[PDB]
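Structure, as structure tokens:
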Amino acid sequence: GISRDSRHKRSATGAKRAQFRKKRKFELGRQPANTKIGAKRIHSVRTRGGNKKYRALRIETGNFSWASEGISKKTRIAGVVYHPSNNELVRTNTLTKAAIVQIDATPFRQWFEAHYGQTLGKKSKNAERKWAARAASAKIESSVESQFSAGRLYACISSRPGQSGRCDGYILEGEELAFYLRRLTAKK
Amino acid sequence: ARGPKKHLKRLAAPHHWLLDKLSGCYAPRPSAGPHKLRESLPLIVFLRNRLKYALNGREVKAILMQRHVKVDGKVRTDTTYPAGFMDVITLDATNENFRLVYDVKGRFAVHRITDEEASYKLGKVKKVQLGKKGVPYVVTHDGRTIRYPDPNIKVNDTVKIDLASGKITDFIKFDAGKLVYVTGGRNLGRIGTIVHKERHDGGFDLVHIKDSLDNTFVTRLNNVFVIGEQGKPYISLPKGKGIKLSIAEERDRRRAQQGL
Amino acid sequence: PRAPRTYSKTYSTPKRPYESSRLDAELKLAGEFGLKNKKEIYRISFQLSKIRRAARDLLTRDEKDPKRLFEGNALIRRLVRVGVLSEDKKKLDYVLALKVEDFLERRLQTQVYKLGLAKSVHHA
Amino acid sequence: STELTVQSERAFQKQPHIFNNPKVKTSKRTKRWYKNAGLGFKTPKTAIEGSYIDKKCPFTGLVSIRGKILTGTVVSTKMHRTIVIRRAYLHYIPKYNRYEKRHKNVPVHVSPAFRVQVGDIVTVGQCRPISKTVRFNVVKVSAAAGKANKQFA
RNA sequence: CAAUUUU
RNA sequence: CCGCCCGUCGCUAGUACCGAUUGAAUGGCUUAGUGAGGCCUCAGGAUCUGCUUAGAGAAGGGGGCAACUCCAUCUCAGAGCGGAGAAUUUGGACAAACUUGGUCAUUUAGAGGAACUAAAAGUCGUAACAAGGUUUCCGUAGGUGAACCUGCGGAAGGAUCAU
RNA sequence: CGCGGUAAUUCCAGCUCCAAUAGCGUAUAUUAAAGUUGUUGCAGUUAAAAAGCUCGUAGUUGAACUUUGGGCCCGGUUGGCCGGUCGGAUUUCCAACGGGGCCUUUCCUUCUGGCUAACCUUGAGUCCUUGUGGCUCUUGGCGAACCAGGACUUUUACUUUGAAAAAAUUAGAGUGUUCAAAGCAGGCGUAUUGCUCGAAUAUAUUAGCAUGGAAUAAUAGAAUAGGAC
RNA sequence: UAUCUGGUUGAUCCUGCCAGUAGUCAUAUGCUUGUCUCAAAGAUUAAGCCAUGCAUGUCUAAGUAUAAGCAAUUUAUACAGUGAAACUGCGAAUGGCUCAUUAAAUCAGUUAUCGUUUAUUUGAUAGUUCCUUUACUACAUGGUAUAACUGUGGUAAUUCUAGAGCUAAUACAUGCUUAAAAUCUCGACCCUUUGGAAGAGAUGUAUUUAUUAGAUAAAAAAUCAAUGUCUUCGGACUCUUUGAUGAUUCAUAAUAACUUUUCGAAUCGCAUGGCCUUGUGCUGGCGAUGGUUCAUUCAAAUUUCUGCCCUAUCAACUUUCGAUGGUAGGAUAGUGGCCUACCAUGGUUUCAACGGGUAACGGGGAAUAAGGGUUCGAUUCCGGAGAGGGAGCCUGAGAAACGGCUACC
RNA sequence: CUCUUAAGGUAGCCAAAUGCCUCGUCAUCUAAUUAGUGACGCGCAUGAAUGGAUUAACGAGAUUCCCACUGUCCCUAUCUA
């Protein structure tokens, strides 16, 4: 029932706009969904024109990718730690974009050891041939291996949770996990 | 508002249908067209305004519901249906066969042709597109789309559809030395064959054009349409021949119909 | 509903009620032709108005002009088709200088009296 | 109007759908996505070596100059990344066979690859409706004024 | 030096 | 010039304006409240309908010599784990409606007050038009039955274009 | 404006006459008449109107000057001396110009290419009227005579042209709707398969768009030279 | 078809008004009325109230026929022609009325979607579905559980309808069956190391994320390394692929994963034919129906520029109830202060912003006329709005619908 | 114009704390109003430094009405010292 055009909302001077022509259907905007955790109640809706979108509630698992290899494996989603705009969804466990989450980190080192074999971090007929081939890049980065030391990883988040259901982000890689920790710790 | 219009009055229709003003009532409007806006014409108004093979309304449906008139082969079960530019409608055999090409003035046509040369269209690309599966097609302008054209040449050029399937049989390049045929506007359907390859680059397109008798008339791109080559033309035309014989020449040329 | 249908006036009264000669110069004409009503003497002047409405504006424009050599050659023909302009003065300037109340003596009240038959125009 | 640690606020400004691989190190390190918009509008080079993001820049953001091209001179500069242009035009009323000159001063989005004082005879394009009222973006500054780096009295 | 009215 | 004409005062019909009432109503915008409904949403789980393990409240009967109860044996299911789910309820958002005031805008009621208009033109005077009998007009001040008068400083539209 | 106070050319009536005509009067707004709202086009001594004078930013209004001339060269429009008659063609040139391109210091952008091209390129070859005089394979070569990219350009005001200004509305061309206001019909034979022209055209401001024009105006480009080349 | 005349005075000239004068496709009234074609008509004030009726329903060759309906009777003992009532399907969002609100709002002209949705019309368009990949059995075809109906109720009510007996599908939820190659993931055998493969899995389409390509102004040696075909065996050379825009992270293909799994005929009509291996063998035409996507069309929604009557006895207006911008989030079909969190303090304006009034819906146009203009347009066409006054909302491709629903007045 | 002792209440204001007749008359206030307020003046007997008229603030000054509050009251009851 929330309108979203500007036949209300006083214009660039200050003129109290003549508001009229009773509100219509091509004008709509719905209640914010506030997706949560708690095992998959993603409730389907109709939309305009003959359409069908996905407003999630209580999701727990979504494929999070690296992606310079493109792994995209399903991971257990655990807890939001920092949202860049709204400091209430960190405390009410809602998630949208850049509400970057700790997850589980375990379905990655089953894949990581599967052809690298570091191991981190304290034989088939071509086992060395499938390990010497994609070798000489066994180091990843200092601050990324040292998060597998605790064994739970910070994923970023990219898909829109309450408009397509799935929260489908990426492994927060690069120096961006040397960026959010400055915005993480400095809440003072 | 609240949805599409579906009723259309007289004295609100296009005037180039040359439709009547004073019957006291509404007008034909087409369905969802294949090709154009109502710069097409319904095939209702073709056979009681210009052909006069009927004389009142639903007797157009009486011929139409009984397999008589073939349009591009198919009977075209919708009684009002757009018969736009270039299209071939055909009746029974022995020379009842037509084609829909503009004259000079603004009427559409009465263009009696044979069953031969009515075995192929001559279209125009609006857009080329390489759609799904990585496989290219093209979009000709009568609503159709044809698959695997004679490839890697053009946008904005003619094509020769062949009334069986897709069938690129002759694409003819957008040349200076050419026979072009402008479709629409105040300069609708004369002929001006070319003069020059303008683009007016960046913003918007326009093409300078000269006629047979050296009256340069200059048109928009969206009106202009290639149809042949100098002296050649593929689709033949009626007795008007595209001159725009003006009124101070209309005065004494019409002095030959009295017989006295 | 229905598309509109036009209807016009066909005369134009003078802006003067009472002049002591034109209310008799009409009757120097009214007995001269046997006309029943001065609506008609306004009606034939309405053409003599609108002919010279149509003729002065074709002449303030130039020689060799794409309406004057079409319509100024065409307007003279339709009124010599009746024959009220003479068969020598086709140059559209004796159309502006057309005779006063000259259209109405080729009304066939007095085109049937010139073939005898009445011994009046009141009989016409 | 900001610089000096471009990622100054609490969200991380970086271009969508671009990425630099953390594996092998080279000298360029950020494949920035730039382009040209057409109508003979050739980009300034300060767009390249600069490291701003600001999603509604015309050469880097996901917009394109689409409609018409206007002109005018700039009045204000006191906002974060927006300025207002000034226009002068003459409306003719046929009752008097005379003119009169009006004005309308629309706002227009600015790109940090440029730089503008007040003055600055400038030309703008048309964009997607990027904000509340500002719908145009400056596309070529043509910085032209008298007494520029010239006063020494 | 001082002077009012004439339906 | 026995010309005209000015004001008060009286006689009659009018028209606006001011007006105590904490005037009144209508419309709009806002102070703080109450807030029906519908939608979303945290819940709830009457009420149905299935499948499976298989007893029982019973035979479904592989035809066995008595078997295993193969089966479902009406429905308690001993269970499971569903699935559709109302009556109500939970927290948002939109919010009709109403009060409360303040502020505007539009119309109206008023006891009464002073103005002006029109007017058989009456009473009191003569102000003006002539040097109108004190030259007339303007600004300001004072006075008085009423025109009017007196100062004061101008101007001639004056009764002088003149030492 | 005035008539009527027992002589009414106005009242009330008769007879006559006059207007307009199946229409006429009355009332109310509004247009012209209104040069009584005035841009084209007003007055400013009591007449109605010039501030008591002066300063003053907007708003208007703003002196003059920069490619003129001169010559060359081409084809167009109108009309001729030309009808020469079957009021139709101009064989030659002329008359008044208007359109375009050169030269006088005076180009009318520049570079990348592919073209293209004129060949003054010309190695040379061809019926004849004498080997770019009528023709051919090819080079330093009469290149934005055509595309698509560059140096990318002081900016406008103004003005011609042009697709653009829905249909009806208006001026209208054509048509024997009986004429007409209308409407877009109709017309011609063979009236026995039988033909056929039709339904235009036009202003339609300003705002946009394209192109031609460079007078009239504004507008910027060098001065401690950081000036183009 | 550019015109003037009576009134101040004893008579004159002149401003100035009053009056006369013609027209109104502009209203009313009065008197009067014989004929032909063309017809405006409860706009004005009361967007004030309404008795009564009518104004939106629909079926083919093609969705279901147990009507104890109607004819039938000979091609149909599965009906075999229709066809009430009905369930599906579509439409009822169009048309029609009126002009109250509404003065940069609507609207007129001109643009944009590289910022979006689309039932319908027309054209392109599906061998990759199994998850114990021979137990997954119907693919020679599986299950509803409800109608209409049949019979019994209440209430006076109305287009209210109850438990019970059955029942269909293009309604519902399911569920399979068809050609080979190609690469990738593993690894039975390598035990040799310059290599091969049994077998197993995916392989269509949609979804959403992250990533890759989608190139194109001249040339040449040297460097180090993976480094090849052939072998004159030092040696020649790997021929290198590109659609469009003025412009894109564009179309498109690819990598890696998902999905309460998106789709991939369990549908009807007519004619009955072709190989003999005479068997429900195998193979076929022509016609509707619905689908996913890309187009088109009918649209809709936004948005650029410029244009609207009077008033200063309205000069400052708008922001703690977003006013002006930015970074993020949501929400939107779709861009955006649309909404939120925060950060900054803007924006408009004597060229008339803000405010007030309209006996203002805007435009196409009307009347009148020498030219310039004035005053109108409720309304025959285009667009907008409302259905007593405000709000909500289901279905639907399309509605804040009102001859649809709910609440309040 | 006149009389009494000389002059005859001008500006203003009022049933006012000054009006006997009087609970004057009109309006508004109220359900009802000898109260209150605003007007009328021929005022027994107001009225000009015996000062007249209007006043912002300040009244433990005197009055009337409204809102909030409440055992003053309907209707009394209970407890403590």
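We label chains A, B, ... in the order they appear in the structure tokens, count residues from 1 in each chain, and number ligands from 1 in the order shown.
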Residues near stretch 207-216 of chain B, anyone? I mean within 9 Å using only C-alpha atoms (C1' of nucleotides), not counting same-chain ones fewer than 2 positions away, as a ChimeraX atom specification.
/B:180,190-200,205,218-221,224,242-244
Give me, as a Markdown table, the closest atom pair and its distance (Å, one decimal) for every residue of chain D within a cut-off of 8 Å of chain A, counting only C-alpha atoms, rows sorted by chain and rising number.
| residue | atom | partner | partner_atom | distance |
| --- | --- | --- | --- | --- |
| D:10 | CA | A:84 | CA | 5.6 |
| D:11 | CA | A:84 | CA | 5.1 |
| D:21 | CA | A:68 | CA | 6.9 |
| D:22 | CA | A:174 | CA | 6.0 |
| D:23 | CA | A:140 | CA | 7.5 |
| D:133 | CA | A:12 | CA | 7.7 |
Since we have the selection now, will you write its residues out, keeping C-alpha atoms, as a PDB file, in the first residue's frame?
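Output file again-v3.pdb follows:
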ATOM      1  CA  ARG D  10      31.526   2.855   5.891  1.00  0.00           C
ATOM      2  CA  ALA D  11      30.620   0.987   2.694  1.00  0.00           C
ATOM      3  CA  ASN D  21      42.922 -11.963  -9.297  1.00  0.00           C
ATOM      4  CA  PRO D  22      44.928 -12.220  -6.031  1.00  0.00           C
ATOM      5  CA  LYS D  23      47.341 -14.806  -7.475  1.00  0.00           C
ATOM      6  CA  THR D 133      15.570  16.278  -9.897  1.00  0.00           C
TER       7      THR D 133
END
Do a neighbour search on stretch 123-136 of chain A at 10 Å with only C-alpha atoms (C1' of nucleotides), toss out local chain neighbours closer than 6 positions, and write the hits as a VMD selection string.
(chain A and resid 113 to 117) or (chain H and resid 186 to 187 189 to 191)
Now that the selection is made, can you save its residues with N, CA, C and O atoms (P, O5', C5', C4', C3', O3' and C1' of nucleotides) as a PDB file, in the first residue's frame?
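Output below, filename part-v1.pdb:
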ATOM      1  N   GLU A 113      42.270 -29.462  -0.089  1.00  0.00           N
ATOM      2  CA  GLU A 113      43.218 -30.554   0.044  1.00  0.00           C
ATOM      3  C   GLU A 113      43.084 -31.585  -1.063  1.00  0.00           C
ATOM      4  O   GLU A 113      44.015 -32.366  -1.273  1.00  0.00           O
ATOM      5  N   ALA A 114      41.958 -31.601  -1.778  1.00  0.00           N
ATOM      6  CA  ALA A 114      41.650 -32.628  -2.764  1.00  0.00           C
ATOM      7  C   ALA A 114      42.544 -32.569  -3.994  1.00  0.00           C
ATOM      8  O   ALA A 114      42.653 -33.569  -4.709  1.00  0.00           O
ATOM      9  N   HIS A 115      43.176 -31.428  -4.275  1.00  0.00           N
ATOM     10  CA  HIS A 115      44.182 -31.384  -5.332  1.00  0.00           C
ATOM     11  C   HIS A 115      45.408 -30.564  -4.943  1.00  0.00           C
ATOM     12  O   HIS A 115      46.461 -30.739  -5.560  1.00  0.00           O
ATOM     13  N   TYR A 116      45.324 -29.671  -3.955  1.00  0.00           N
ATOM     14  CA  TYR A 116      46.564 -29.062  -3.482  1.00  0.00           C
ATOM     15  C   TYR A 116      47.301 -29.946  -2.487  1.00  0.00           C
ATOM     16  O   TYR A 116      48.410 -30.408  -2.776  1.00  0.00           O
ATOM     17  N   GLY A 117      46.700 -30.206  -1.331  1.00  0.00           N
ATOM     18  CA  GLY A 117      47.373 -30.953  -0.291  1.00  0.00           C
ATOM     19  C   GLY A 117      48.470 -30.153   0.376  1.00  0.00           C
ATOM     20  O   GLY A 117      49.652 -30.437   0.166  1.00  0.00           O
TER      21      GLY A 117
ATOM     22  P     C H 186      39.820 -34.548 -11.527  1.00  0.00           P
ATOM     23  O5'   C H 186      39.777 -36.117 -11.781  1.00  0.00           O
ATOM     24  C5'   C H 186      40.135 -37.020 -10.751  1.00  0.00           C
ATOM     25  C4'   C H 186      39.010 -37.948 -10.375  1.00  0.00           C
ATOM     26  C3'   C H 186      39.397 -39.404 -10.220  1.00  0.00           C
ATOM     27  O3'   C H 186      40.011 -39.661  -8.974  1.00  0.00           O
ATOM     28  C1'   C H 186      37.366 -39.237 -11.426  1.00  0.00           C
ATOM     29  P     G H 187      41.547 -40.123  -8.901  1.00  0.00           P
ATOM     30  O5'   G H 187      41.522 -41.614  -9.457  1.00  0.00           O
ATOM     31  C5'   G H 187      40.771 -42.623  -8.792  1.00  0.00           C
ATOM     32  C4'   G H 187      40.381 -43.738  -9.728  1.00  0.00           C
ATOM     33  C3'   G H 187      41.520 -44.679 -10.130  1.00  0.00           C
ATOM     34  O3'   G H 187      41.054 -46.027 -10.216  1.00  0.00           O
ATOM     35  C1'   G H 187      40.572 -43.681 -12.062  1.00  0.00           C
ATOM     36  P     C H 189      44.582 -51.466 -10.719  1.00  0.00           P
ATOM     37  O5'   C H 189      45.421 -51.920 -11.994  1.00  0.00           O
ATOM     38  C5'   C H 189      45.196 -53.179 -12.610  1.00  0.00           C
ATOM     39  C4'   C H 189      45.560 -53.137 -14.071  1.00  0.00           C
ATOM     40  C3'   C H 189      46.894 -52.484 -14.390  1.00  0.00           C
ATOM     41  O3'   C H 189      48.010 -53.329 -14.170  1.00  0.00           O
ATOM     42  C1'   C H 189      45.232 -51.633 -15.844  1.00  0.00           C
ATOM     43  P     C H 190      49.085 -52.942 -13.038  1.00  0.00           P
ATOM     44  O5'   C H 190      49.147 -51.354 -13.104  1.00  0.00           O
ATOM     45  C5'   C H 190      50.296 -50.696 -13.622  1.00  0.00           C
ATOM     46  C4'   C H 190      50.229 -50.556 -15.120  1.00  0.00           C
ATOM     47  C3'   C H 190      51.546 -50.163 -15.785  1.00  0.00           C
ATOM     48  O3'   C H 190      51.683 -50.813 -17.045  1.00  0.00           O
ATOM     49  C1'   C H 190      49.901 -48.535 -16.258  1.00  0.00           C
ATOM     50  P     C H 191      53.030 -51.630 -17.343  1.00  0.00           P
ATOM     51  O5'   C H 191      53.520 -52.040 -15.876  1.00  0.00           O
ATOM     52  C5'   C H 191      54.883 -52.329 -15.582  1.00  0.00           C
ATOM     53  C4'   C H 191      55.635 -51.080 -15.190  1.00  0.00           C
ATOM     54  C3'   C H 191      56.667 -51.227 -14.069  1.00  0.00           C
ATOM     55  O3'   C H 191      57.750 -50.337 -14.323  1.00  0.00           O
ATOM     56  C1'   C H 191      55.115 -49.567 -13.494  1.00  0.00           C
TER      57        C H 191
END
Give the strand (DSSP E) residues of chain A, as DSSP finds them on the backbone, and put them as a PyMOL selection string.
chain A and resi 43-44+54-55+61-64+73-76+79-82+100-102+154-155
Residues at most 10 Å from residue I:11, counting only C-alpha atoms (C1' of nucleotides), excluding those fewer than 5 positions away in the same chain, as an MDAnalysis selection string?
chainID I and resid 47:48 52:53
Residue subset to file, keeping C-alpha atoms (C1' of nucleotides), as a PDB file, in the first residue's frame:
ATOM      1  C1'   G I  47     -18.992  66.399  33.832  1.00  0.00           C
ATOM      2  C1'   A I  48     -13.849  68.980  33.406  1.00  0.00           C
ATOM      3  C1'   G I  52     -12.978  64.666  32.579  1.00  0.00           C
ATOM      4  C1'   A I  53     -12.090  60.545  29.187  1.00  0.00           C
TER       5        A I  53
END
Which residues in chain D does DSSP call alpha helix (DSSP H)? List them as a list in words.
residues 46, 47, 48 and 49 of chain D
Calculate how many Å separate atom CA of residue C:22 from atom CA of residue C:43, rounding to one decimal.
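Between atom CA of residue C:22 and atom CA of residue C:43 the gap is 15.7 Å.
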For stretch 82-88 of chain D, please output as JSON, numbers by chain all residues within 12 Å (counting only C-alpha atoms (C1' of nucleotides); exclusion window: fewer than 4 positions along the same chain).
{"D": [1, 56, 57, 70, 71, 72, 73, 74, 75, 76, 77, 78, 100, 101, 102, 103, 104, 105, 106, 107, 108, 109, 110, 111, 112, 114, 115, 116, 117, 118, 119, 120, 121, 122, 123, 124, 130, 131, 132, 133, 134, 135, 136, 137, 138, 141], "G": [156, 157], "H": [305, 324, 325, 326, 346, 347, 351]}
Could you work out how far atom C1' of residue F:148 lies from atom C1' of residue E:3, giving the answer in Å with one decimal?
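For atom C1' of residue E:3 relative to atom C1' of residue F:148, the distance reads 19.2 Å.
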What are the residues of chain D lining chain G at 12 Å or less? Count only C-alpha atoms (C1' of nucleotides), and put the answer as a PyMOL selection string.
chain D and resi 39-42+68-73+88-101+121-123+142+144-146+148-153
Interface residues on chain A facing chain B, 12 Å, only C-alpha atoms, written as a list in words:
residues 24, 25 and 26 of chain A
Within 12 Å of stretch 13-20 of chain G using only C-alpha atoms (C1' of nucleotides), minus same-chain residues under 5 positions, as a ChimeraX atom specification
/C:13,17-20,23,37-39 /G:25
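Nearest residue to chain C among G:24, G:222, G:180, G:217 is G:180, counting only C-alpha atoms (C1' of nucleotides).
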